[PDB]
């Protein structure tokens, strides 16, 4: 019933979002990996809502949200969060974004610093070029028969071989998210990633930031997160022995790192 609310964006899409935790606590907004839904954070909810009110949403083209055609700009993915915040009459929120969500985070700190408090960037990067590889992934996702190959591509990049070797429920949970993802959502988001190079801009960020990186990350290399930490003035870096979804692989260490940084 009250599972979801929907935001009509200014350009004609519809974003699904929900709030968890006590209304009076400070707002922490989460933004998702490409190909996932807000349910990728389900396990972090108990620890996080102990201290913050948690805003979650399905990104443009994903999950319970509507699906404009591609390409999406990074700016538009950024405007989406701002419009969510405007809708909730929130002036300022802590922000935690993983991967693509982390790229949205960087954009927000750069173009709407006044809307952000503390900033957490997990398994992400400021530049994933060169760009051709992304046009190839867009052409391939658009022409696929179903998302099966595409999903197996992600999963192979998201988890360690050990978990893939055998069948595990969590792996299939994420497979389902991928299978359910419209190809335009993936292709529009690929285009945003393709067009992004924020490396020369990071040194202009003035928000307290924590960067979480995965040592064995094959999607967004650990070294990309290390560069983010280096270039953002005063940023801290926490590397986990994880692949790409480190909150899934190490929920305790991930939550500990996030909570102590946001003020416990």
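Positions refer to the first chain, counted from 1.
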Which of 59-67 and 22-30 has higher mean CA B factor, as the PDB entry lists it:
22-30
If you average the Cα B factors in the entry, which is higher, 103-111 or 165-173?
165-173
Lowest, middle or highest third: where is residue 179 by Cα B-factor in its chain?
middle
Which third of the chain holds residue 92 when residues are ordered by C-alpha B factor: lowest, middle or highest?
highest
Which third of the chain does residue 129 land in by C-alpha B-factor: lowest, middle or highest?
middle
Test of reading the entry: by CA B factor among the chain's modelled residues, which third contains residue 233?
middle
Chain-relative C-alpha B factor for residue 212 (record values, thirds): the middle
